[PDB]
Amino acid sequence: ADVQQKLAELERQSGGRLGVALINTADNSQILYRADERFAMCXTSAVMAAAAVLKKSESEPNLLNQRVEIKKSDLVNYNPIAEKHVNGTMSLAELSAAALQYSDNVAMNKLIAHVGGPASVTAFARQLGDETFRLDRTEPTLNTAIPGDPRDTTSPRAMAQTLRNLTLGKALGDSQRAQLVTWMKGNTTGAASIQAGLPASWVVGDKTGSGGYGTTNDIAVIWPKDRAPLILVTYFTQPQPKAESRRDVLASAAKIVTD
Ligand SMILES: [Cl-]
């Protein structure tokens, strides 16, 4: 009850709409706030795209070593890694790492295209038992995050359950699961988000997202010191189209649900 009041207070102070799902694997419990409402995933959908490539690689050895041409025509709105490789190739492993660790738009688009497009990423989610996730569009339009628009959305509950499956469960083979976890632990974009609300000693793998309407998201697997791991989804969106980022709200939510 106290946790619920604190999240409601945070939401009100923020002015926006907050969605939280924590799974605590110590006792199989959950903390949920708007956890069945839909939220625009923005960049956090990259976890599902990378996982789809990893699953495909279980039947195709050396898939991760396959080379992909990078061209000027591939550049999108934010391409911090791919812009260094224009006119050469990157491997699918390198693209996975760039998408997950640097929020690289081109890299996400190459993962999406490789597996067959947004409907194929969505069909993979369905195969895993996630009947809520939908990836409708490619980068950059998947981040528009217009209120009331169901495109490119999921719920906090569904994404927490799916992230648990991907990182701690058996969706992927052992090599592929370990690779996903290693990639997420190496993320560079999340230090102001969930990580900022947790003790410094805890280990985090996370993927952020951002978009229109000040949408600010993070999904994480967390290893607290000497505790069973947690899964935490924090999604946040705001009423104004040009609202500024609010990573501090995600940090605050993480602190509230883990204190
Ligand atoms: Cl600390």
# chains A, B, ... in the order shown; residues from 1 in each chain; ligands from 1
>>> residues_near_ligand(ligand="ligand 1", cutoff="12 Å", atoms="only C-alpha atoms and all ligand atoms", output="PyMOL selection string")
chain A and resi 195-203+224-225+255+259
>>> closest_atom_pairs(of="segment 54-99 of chain A", to="segment 110-119 of chain A", cutoff="9 Å", atoms="only C-alpha atoms", output="CSV")
residue,atom,partner,partner_atom,distance
A:56,CA,A:115,CA,7.9
A:68,CA,A:110,CA,7.9
A:74,CA,A:110,CA,8.9
A:92,CA,A:111,CA,7.5
A:95,CA,A:110,CA,7.3
A:96,CA,A:111,CA,7.1
A:99,CA,A:111,CA,8.5
>>> write_last_selection(atoms="C-alpha atoms", output="short mmCIF file (atom, residue, chain, number, x, y, z; two decimals), in the first residue's frame")
data_model
loop_
_atom_site.label_atom_id
_atom_site.label_comp_id
_atom_site.auth_asym_id
_atom_site.auth_seq_id
_atom_site.Cartn_x
_atom_site.Cartn_y
_atom_site.Cartn_z
CA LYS A 56 17.27 -17.50 -35.37
CA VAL A 68 25.50 -6.46 -43.35
CA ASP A 74 20.47 3.41 -44.04
CA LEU A 92 24.86 -9.05 -36.92
CA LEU A 95 24.59 -4.56 -34.92
CA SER A 96 22.93 -6.28 -31.95
CA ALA A 99 21.30 -1.38 -31.00
#
>>> select_by_dssp(residues="segment 42-248 of chain A", states="strand (DSSP E)", output="ChimeraX atom specification")
/A:67-69,89-91,153-154,203-211,215-223,230-237
>>> closest_residue(among="A:97, A:152, A:227, A:209", to="residue 186 of chain A", atoms="only C-alpha atoms")
A:97
>>> closest_residue(among="A:103, A:24, A:237, A:141", to="residue 190 of chain A", atoms="only C-alpha atoms")
A:103
>>> select_by_dssp(residues="segment 50-112 of chain A", states="alpha helix (DSSP H)", output="mmCIF file with C-alpha atoms, in the first residue's frame")
data_model
loop_
_atom_site.group_PDB
_atom_site.id
_atom_site.type_symbol
_atom_site.label_atom_id
_atom_site.label_comp_id
_atom_site.auth_asym_id
_atom_site.auth_seq_id
_atom_site.Cartn_x
_atom_site.Cartn_y
_atom_site.Cartn_z
ATOM 1 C CA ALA A 50 17.834 -8.743 -30.797
ATOM 2 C CA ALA A 51 16.270 -11.787 -29.128
ATOM 3 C CA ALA A 52 14.599 -12.738 -32.432
ATOM 4 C CA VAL A 53 18.012 -12.672 -34.156
ATOM 5 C CA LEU A 54 19.519 -14.715 -31.318
ATOM 6 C CA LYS A 55 16.726 -17.292 -31.609
ATOM 7 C CA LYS A 56 17.269 -17.499 -35.373
ATOM 8 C CA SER A 57 20.986 -18.069 -34.723
ATOM 9 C CA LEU A 92 24.860 -9.050 -36.917
ATOM 10 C CA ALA A 93 26.601 -9.395 -33.533
ATOM 11 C CA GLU A 94 27.998 -5.872 -33.867
ATOM 12 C CA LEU A 95 24.587 -4.558 -34.920
ATOM 13 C CA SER A 96 22.935 -6.281 -31.952
ATOM 14 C CA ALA A 97 25.449 -4.737 -29.556
ATOM 15 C CA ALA A 98 25.097 -1.285 -31.138
ATOM 16 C CA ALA A 99 21.298 -1.383 -31.000
ATOM 17 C CA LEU A 100 21.238 -2.567 -27.392
ATOM 18 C CA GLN A 101 24.152 -0.580 -25.939
ATOM 19 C CA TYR A 102 24.081 2.697 -27.897
ATOM 20 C CA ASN A 105 18.733 3.347 -34.987
ATOM 21 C CA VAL A 106 20.391 1.786 -38.023
ATOM 22 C CA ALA A 107 21.371 -1.252 -35.993
ATOM 23 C CA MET A 108 17.797 -1.733 -34.795
ATOM 24 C CA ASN A 109 16.542 -1.452 -38.378
ATOM 25 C CA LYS A 110 19.014 -4.103 -39.542
ATOM 26 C CA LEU A 111 17.828 -6.511 -36.826
ATOM 27 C CA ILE A 112 14.203 -5.854 -37.787
#
>>> residues_around(residues="residue 151 of chain A", least_positions_apart="5", cutoff="12 Å", atoms="only C-alpha atoms", output="ChimeraX atom specification")
/A:38-42,45,118-119,122,132-138,141-146
>>> write_last_selection(atoms="N, CA and C atoms", output="tab-separated table (two decimals), in the first residue's frame")
chain	number	residue	atom	x	y	z
A	38	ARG	N	-1.37	0.10	-21.92
A	38	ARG	CA	-0.39	0.13	-23.00
A	38	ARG	C	0.44	1.41	-22.95
A	39	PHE	N	1.71	1.25	-23.28
A	39	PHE	CA	2.67	2.34	-23.38
A	39	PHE	C	3.51	2.11	-24.63
A	40	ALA	N	3.88	3.20	-25.30
A	40	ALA	CA	4.82	3.13	-26.41
A	40	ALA	C	6.17	2.66	-25.91
A	41	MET	N	6.68	1.58	-26.49
A	41	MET	CA	7.94	0.98	-26.05
A	41	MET	C	9.14	1.83	-26.45
A	42	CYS	N	9.03	2.54	-27.56
A	42	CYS	CA	10.17	3.23	-28.16
A	42	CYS	C	11.34	2.23	-28.26
A	45	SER	N	11.91	-1.80	-27.44
A	45	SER	CA	11.58	-2.91	-28.33
A	45	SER	C	12.81	-3.57	-28.94
A	118	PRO	N	8.74	-5.83	-38.78
A	118	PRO	CA	8.03	-5.71	-37.49
A	118	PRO	C	7.05	-6.83	-37.22
A	119	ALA	N	6.36	-7.32	-38.25
A	119	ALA	CA	5.40	-8.39	-38.02
A	119	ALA	C	6.10	-9.70	-37.64
A	122	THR	N	7.01	-9.34	-33.98
A	122	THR	CA	5.78	-9.56	-33.24
A	122	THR	C	5.42	-11.04	-33.20
A	132	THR	N	0.74	-9.53	-25.96
A	132	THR	CA	0.50	-8.10	-25.75
A	132	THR	C	1.41	-7.23	-26.61
A	133	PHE	N	2.70	-7.56	-26.65
A	133	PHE	CA	3.68	-6.83	-27.44
A	133	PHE	C	3.24	-6.68	-28.88
A	134	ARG	N	3.40	-5.47	-29.42
A	134	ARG	CA	3.26	-5.29	-30.86
A	134	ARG	C	4.32	-4.31	-31.34
A	135	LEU	N	5.11	-4.76	-32.31
A	135	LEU	CA	6.01	-3.88	-33.06
A	135	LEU	C	5.38	-3.70	-34.43
A	136	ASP	N	5.02	-2.45	-34.74
A	136	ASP	CA	4.31	-2.08	-35.94
A	136	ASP	C	5.21	-1.46	-37.00
A	137	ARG	N	6.20	-0.67	-36.57
A	137	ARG	CA	6.97	0.19	-37.45
A	137	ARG	C	8.46	-0.02	-37.21
A	138	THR	N	9.25	0.56	-38.12
A	138	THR	CA	10.70	0.59	-38.05
A	138	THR	C	11.16	1.90	-37.39
A	141	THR	N	10.14	5.95	-36.83
A	141	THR	CA	8.74	6.24	-36.55
A	141	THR	C	8.15	5.42	-35.41
A	142	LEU	N	8.77	4.29	-35.05
A	142	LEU	CA	8.25	3.50	-33.94
A	142	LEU	C	8.30	4.26	-32.61
A	143	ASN	N	8.98	5.42	-32.55
A	143	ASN	CA	9.10	6.19	-31.33
A	143	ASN	C	8.16	7.40	-31.25
A	144	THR	N	7.16	7.52	-32.14
A	144	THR	CA	6.31	8.72	-32.10
A	144	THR	C	5.56	8.85	-30.77
A	145	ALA	N	5.11	7.73	-30.20
A	145	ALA	CA	4.54	7.69	-28.85
A	145	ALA	C	3.34	8.64	-28.68
A	146	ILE	N	2.46	8.67	-29.67
A	146	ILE	CA	1.29	9.54	-29.60
A	146	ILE	C	0.29	8.96	-28.60
>>> residues_around(residues="residue 167 of chain A", least_positions_apart="6", cutoff="8 Å", atoms="only C-alpha atoms", output="list in words")
residues 177, 178, 180, 181 and 221 of chain A
>>> write_last_selection(atoms="C-alpha atoms", output="PDB file, in the first residue's frame")
ATOM      1  CA  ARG A 177      20.753 -16.047 -23.285  1.00  0.00           C
ATOM      2  CA  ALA A 178      24.233 -15.341 -21.959  1.00  0.00           C
ATOM      3  CA  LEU A 180      21.789 -11.130 -24.495  1.00  0.00           C
ATOM      4  CA  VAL A 181      22.597 -10.613 -20.810  1.00  0.00           C
ATOM      5  CA  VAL A 221      17.313  -7.269 -15.246  1.00  0.00           C
TER       6      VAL A 221
END
>>> residues_around(residues="residue 194 of chain A", least_positions_apart="2", cutoff="9 Å", atoms="only C-alpha atoms", output="ChimeraX atom specification")
/A:190-192,196-198,204,206,218-220,232-234,247-255
>>> write_last_selection(atoms="N, CA, C and O atoms", output="PDB file, in the first residue's frame")
ATOM      1  N   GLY A 190      21.825   3.881 -19.985  1.00  0.00           N
ATOM      2  CA  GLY A 190      20.905   3.708 -18.878  1.00  0.00           C
ATOM      3  C   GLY A 190      21.331   4.224 -17.525  1.00  0.00           C
ATOM      4  O   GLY A 190      20.599   4.000 -16.549  1.00  0.00           O
ATOM      5  N   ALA A 191      22.472   4.904 -17.406  1.00  0.00           N
ATOM      6  CA  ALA A 191      22.994   5.219 -16.079  1.00  0.00           C
ATOM      7  C   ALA A 191      22.157   6.252 -15.336  1.00  0.00           C
ATOM      8  O   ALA A 191      22.261   6.337 -14.108  1.00  0.00           O
ATOM      9  N   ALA A 192      21.345   7.041 -16.040  1.00  0.00           N
ATOM     10  CA  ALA A 192      20.479   8.022 -15.399  1.00  0.00           C
ATOM     11  C   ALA A 192      19.065   7.502 -15.171  1.00  0.00           C
ATOM     12  O   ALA A 192      18.222   8.243 -14.662  1.00  0.00           O
ATOM     13  N   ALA A 196      20.059   4.649 -11.775  1.00  0.00           N
ATOM     14  CA  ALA A 196      20.223   5.800 -10.894  1.00  0.00           C
ATOM     15  C   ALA A 196      19.387   5.700  -9.626  1.00  0.00           C
ATOM     16  O   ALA A 196      19.645   6.444  -8.679  1.00  0.00           O
ATOM     17  N   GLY A 197      18.420   4.795  -9.572  1.00  0.00           N
ATOM     18  CA  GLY A 197      17.603   4.601  -8.395  1.00  0.00           C
ATOM     19  C   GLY A 197      17.969   3.394  -7.569  1.00  0.00           C
ATOM     20  O   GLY A 197      17.244   3.077  -6.621  1.00  0.00           O
ATOM     21  N   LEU A 198      19.061   2.714  -7.895  1.00  0.00           N
ATOM     22  CA  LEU A 198      19.491   1.506  -7.216  1.00  0.00           C
ATOM     23  C   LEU A 198      20.846   1.740  -6.574  1.00  0.00           C
ATOM     24  O   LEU A 198      21.619   2.592  -7.026  1.00  0.00           O
ATOM     25  N   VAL A 204      23.272  -4.339 -13.250  1.00  0.00           N
ATOM     26  CA  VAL A 204      22.109  -4.054 -14.083  1.00  0.00           C
ATOM     27  C   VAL A 204      22.425  -4.347 -15.541  1.00  0.00           C
ATOM     28  O   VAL A 204      23.470  -3.941 -16.057  1.00  0.00           O
ATOM     29  N   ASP A 206      20.176  -3.342 -18.946  1.00  0.00           N
ATOM     30  CA  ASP A 206      18.962  -2.617 -19.240  1.00  0.00           C
ATOM     31  C   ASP A 206      18.983  -2.137 -20.679  1.00  0.00           C
ATOM     32  O   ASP A 206      20.037  -2.064 -21.317  1.00  0.00           O
ATOM     33  N   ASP A 218      12.639   2.427 -19.594  1.00  0.00           N
ATOM     34  CA  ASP A 218      13.787   1.577 -19.302  1.00  0.00           C
ATOM     35  C   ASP A 218      13.248   0.221 -18.873  1.00  0.00           C
ATOM     36  O   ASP A 218      12.240   0.149 -18.174  1.00  0.00           O
ATOM     37  N   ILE A 219      13.895  -0.845 -19.339  1.00  0.00           N
ATOM     38  CA  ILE A 219      13.567  -2.204 -18.920  1.00  0.00           C
ATOM     39  C   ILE A 219      14.869  -2.871 -18.496  1.00  0.00           C
ATOM     40  O   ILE A 219      15.896  -2.713 -19.168  1.00  0.00           O
ATOM     41  N   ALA A 220      14.843  -3.578 -17.357  1.00  0.00           N
ATOM     42  CA  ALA A 220      16.081  -4.039 -16.753  1.00  0.00           C
ATOM     43  C   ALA A 220      15.942  -5.397 -16.091  1.00  0.00           C
ATOM     44  O   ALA A 220      14.898  -5.751 -15.537  1.00  0.00           O
ATOM     45  N   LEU A 232      12.585  -5.332 -13.861  1.00  0.00           N
ATOM     46  CA  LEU A 232      11.872  -4.078 -13.653  1.00  0.00           C
ATOM     47  C   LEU A 232      11.627  -3.377 -14.982  1.00  0.00           C
ATOM     48  O   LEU A 232      12.567  -3.136 -15.739  1.00  0.00           O
ATOM     49  N   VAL A 233      10.369  -3.038 -15.237  1.00  0.00           N
ATOM     50  CA  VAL A 233       9.964  -2.215 -16.371  1.00  0.00           C
ATOM     51  C   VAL A 233       9.420  -0.909 -15.807  1.00  0.00           C
ATOM     52  O   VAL A 233       8.527  -0.921 -14.956  1.00  0.00           O
ATOM     53  N   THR A 234       9.958   0.217 -16.291  1.00  0.00           N
ATOM     54  CA  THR A 234       9.467   1.555 -15.959  1.00  0.00           C
ATOM     55  C   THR A 234       9.230   2.297 -17.272  1.00  0.00           C
ATOM     56  O   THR A 234      10.181   2.605 -17.992  1.00  0.00           O
ATOM     57  N   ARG A 247      14.282  11.035 -17.259  1.00  0.00           N
ATOM     58  CA  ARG A 247      14.925   9.819 -16.760  1.00  0.00           C
ATOM     59  C   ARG A 247      14.896   9.751 -15.236  1.00  0.00           C
ATOM     60  O   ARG A 247      14.860   8.656 -14.661  1.00  0.00           O
ATOM     61  N   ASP A 248      14.902  10.909 -14.571  1.00  0.00           N
ATOM     62  CA  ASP A 248      14.812  10.955 -13.113  1.00  0.00           C
ATOM     63  C   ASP A 248      13.542  10.294 -12.597  1.00  0.00           C
ATOM     64  O   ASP A 248      13.538   9.772 -11.483  1.00  0.00           O
ATOM     65  N   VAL A 249      12.446  10.329 -13.364  1.00  0.00           N
ATOM     66  CA  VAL A 249      11.213   9.692 -12.914  1.00  0.00           C
ATOM     67  C   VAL A 249      11.397   8.181 -12.858  1.00  0.00           C
ATOM     68  O   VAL A 249      10.896   7.511 -11.945  1.00  0.00           O
ATOM     69  N   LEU A 250      12.111   7.628 -13.837  1.00  0.00           N
ATOM     70  CA  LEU A 250      12.385   6.194 -13.827  1.00  0.00           C
ATOM     71  C   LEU A 250      13.285   5.816 -12.656  1.00  0.00           C
ATOM     72  O   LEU A 250      13.055   4.794 -11.994  1.00  0.00           O
ATOM     73  N   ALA A 251      14.313   6.624 -12.389  1.00  0.00           N
ATOM     74  CA  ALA A 251      15.158   6.382 -11.230  1.00  0.00           C
ATOM     75  C   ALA A 251      14.333   6.411  -9.950  1.00  0.00           C
ATOM     76  O   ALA A 251      14.499   5.558  -9.074  1.00  0.00           O
ATOM     77  N   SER A 252      13.447   7.402  -9.817  1.00  0.00           N
ATOM     78  CA  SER A 252      12.612   7.499  -8.623  1.00  0.00           C
ATOM     79  C   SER A 252      11.714   6.282  -8.469  1.00  0.00           C
ATOM     80  O   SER A 252      11.527   5.765  -7.355  1.00  0.00           O
ATOM     81  N   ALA A 253      11.118   5.829  -9.574  1.00  0.00           N
ATOM     82  CA  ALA A 253      10.263   4.649  -9.512  1.00  0.00           C
ATOM     83  C   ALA A 253      11.056   3.418  -9.086  1.00  0.00           C
ATOM     84  O   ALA A 253      10.587   2.623  -8.267  1.00  0.00           O
ATOM     85  N   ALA A 254      12.262   3.252  -9.627  1.00  0.00           N
ATOM     86  CA  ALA A 254      13.111   2.131  -9.247  1.00  0.00           C
ATOM     87  C   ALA A 254      13.428   2.159  -7.760  1.00  0.00           C
ATOM     88  O   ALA A 254      13.408   1.112  -7.093  1.00  0.00           O
ATOM     89  N   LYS A 255      13.740   3.341  -7.224  1.00  0.00           N
ATOM     90  CA  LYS A 255      14.031   3.454  -5.801  1.00  0.00           C
ATOM     91  C   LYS A 255      12.815   3.070  -4.967  1.00  0.00           C
ATOM     92  O   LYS A 255      12.930   2.342  -3.971  1.00  0.00           O
TER      93      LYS A 255
END
>>> closest_residue(among="A:207, A:17, A:242, A:71", to="residue 159 of chain A", atoms="only C-alpha atoms")
A:207
>>> atom_distance(atom1="atom CA of residue 1 of chain A", atom2="atom CA of residue 31 of chain A")
10.3 Å
>>> closest_residue(among="A:243, A:222, A:257, A:35", to="residue 15 of chain A", atoms="only C-alpha atoms")
A:243
>>> residues_around(residues="residue 171 of chain A", least_positions_apart="3", cutoff="7 Å", atoms="only C-alpha atoms", output="short mmCIF file (atom, residue, chain, number, x, y, z; two decimals) with N, CA and C atoms, in the first residue's frame")
data_model
loop_
_atom_site.label_atom_id
_atom_site.label_comp_id
_atom_site.auth_asym_id
_atom_site.auth_seq_id
_atom_site.Cartn_x
_atom_site.Cartn_y
_atom_site.Cartn_z
N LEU A 128 6.77 -16.87 -28.06
CA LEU A 128 7.22 -16.96 -26.69
C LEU A 128 6.09 -16.96 -25.68
N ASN A 165 11.64 -14.05 -19.07
CA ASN A 165 11.83 -15.24 -19.90
C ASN A 165 13.13 -15.13 -20.69
N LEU A 166 13.38 -13.97 -21.31
CA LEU A 166 14.54 -13.80 -22.18
C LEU A 166 15.85 -13.86 -21.41
#
>>> closest_residue(among="A:72, A:240, A:162, A:228", to="residue 215 of chain A", atoms="only C-alpha atoms")
A:240
>>> atom_distance(atom1="atom CA of residue 214 of chain A", atom2="atom CA of residue 139 of chain A")
17.1 Å
>>> residues_around(residues="residue 236 of chain A", least_positions_apart="6", cutoff="7 Å", atoms="only C-alpha atoms", output="PyMOL selection string")
chain A and resi 16-19+215-217
>>> write_last_selection(atoms="C-alpha atoms", output="short mmCIF file (atom, residue, chain, number, x, y, z; two decimals), in the first residue's frame")
data_model
loop_
_atom_site.label_atom_id
_atom_site.label_comp_id
_atom_site.auth_asym_id
_atom_site.auth_seq_id
_atom_site.Cartn_x
_atom_site.Cartn_y
_atom_site.Cartn_z
CA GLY A 16 2.60 12.30 -16.79
CA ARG A 17 1.54 8.66 -16.93
CA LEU A 18 3.76 6.07 -15.26
CA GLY A 19 3.75 2.30 -15.77
CA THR A 215 8.38 9.38 -23.45
CA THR A 216 11.14 7.97 -21.27
CA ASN A 217 11.46 4.23 -20.72
#
>>> atom_distance(atom1="atom CA of residue 44 of chain A", atom2="atom CA of residue 20 of chain A")
14.1 Å
